[PDB]
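Have a look at the structure below, then the notes.
Each value in this text was obtained by applying a stated rule to the coordinates, not by laboratory testing. Reconstructed Cβ throughout: ideal geometry from the backbone, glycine too, with neighbour counts over all protein chains shown.
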Amino acid sequence: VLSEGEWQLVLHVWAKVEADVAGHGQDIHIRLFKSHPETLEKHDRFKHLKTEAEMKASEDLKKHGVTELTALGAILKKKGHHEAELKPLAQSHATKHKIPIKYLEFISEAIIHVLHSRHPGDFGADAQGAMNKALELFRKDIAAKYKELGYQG
Ligand code: HEM
Ligand SMILES: [Mn+2]
């Protein structure tokens with residue numbers, strides 16, 4: 001459980017993401033793909049992009065990042081009361097994309113990295129701790145929904 005003050009820090013930095021959702025989503029994917037190339041495999045639509053500049057020039061990848069971050073933002077804004085938003089996400093990611101929980105850890109790391117790279121003055125230790133707790137809650141709750149659908153994270 002997050003305190004009200006922790007949620008406020010999460011949403012404070014999230015408003016900064018919302019000033020440029022597409023750019024943040026591009027940076028998060030590029031970091032994710034570089035740190036963990038097997039995650040680029042899971043994105044079988046983008047597996048073929050060879051360089052950072054090709055990745056940045058992909059309109060489809062940019063649009064996909066906005067779709068992803070929009071769903072995450074909608075979840076974060078519910079401050080843990082996110083069953084209705086999380087359930088369809090768990091359904092698609094368990095039964096179609098087949099994204100293990102470890103890959104959600106990988107993208108959580110990339111989110112933290114990009115947020116600290118772009119917003120260090122609004123993303124110090126306490127804000128990082130709050131965002132880490134909110135992403136941990138997200139991963140814990142989606143893992144439980146994964147199991148309800150069969151097959152483990
Ligand atoms: C912050 C966590 C994530 C959120 C909120 C998220 C959200 C979404 C949303 C909203 C879609 C479109 C609708 C859907 O199919 O559910 C989507 C599609 C997808 N996501 Fe995620 N996602 C997350 C993490 C990941 C990770 C970690 C991977 C893979 C390593 C991943 C791989 C995919 C793929 C492969 C698709 C569909 C792409 C296509 O149509 O080609 N997602 N995601
Ligand atoms: Mn993605």
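Points worth noting:
- Only one of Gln8, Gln26 that is in contact with a helix residue (DSSP H, G or I) (Cβ under 9 Å, 6 or more places away or on another chain) and under 29 Å from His81 (Cβ atoms): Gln8
- The C-beta contact set for the stretch 126-153 (first residue basic (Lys, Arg), second residue assigned to a helix (DSSP H, G or I), distance under 7 angstrom, 6+ apart or interchain) comprises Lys133/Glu6; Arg139/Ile101; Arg139/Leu104; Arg139/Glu105; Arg139/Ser108; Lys145/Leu86; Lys145/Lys87; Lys145/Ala90.
- The number of residues in the stretch 36-67 being near ligand 2 (Cβ under 9 Å from one of its atoms) and either in contact (Cβ under 8 Å) with a residue 24 or more places away in the chain or over 22 Å from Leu104 (Cβ atoms) (or both) comes to 5.
- Residues in the stretch 3-26 that are among the charged types (D, E, K, R) and within 17 Å of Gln128 (Cβ to Cβ) were compared, and the one that is surrounded by the fewest Cβ atoms within 10 Å (Cβ to Cβ) is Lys16.
- Pair list, Cβ under 7 Å, 6 or more apart: the stretch 93-122 residue among the polar types (S, T, N, Q), other residue in a helix (DSSP H, G or I): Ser108/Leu135; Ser108/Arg139
- Search result, residues across the stretch 8-35 that are within 14 Å of ligand 2 (Cβ to nearest atom) and within 16 Å of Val66 (Cβ to Cβ): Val21, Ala22, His24, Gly25, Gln26, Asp27, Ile28, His29, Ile30, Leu32
- The criterion of at least 2 residues that are within 12 Å of ligand 1 (Cβ to nearest atom) and either surrounded by 16 or more Cβ atoms within 10 Å (Cβ to Cβ) or at positive phi (or both) is met, among helices (runs of 4 or more DSSP H) falling completely within the stretch 27-138, by 37-42, 59-77, 83-95, 101-118.
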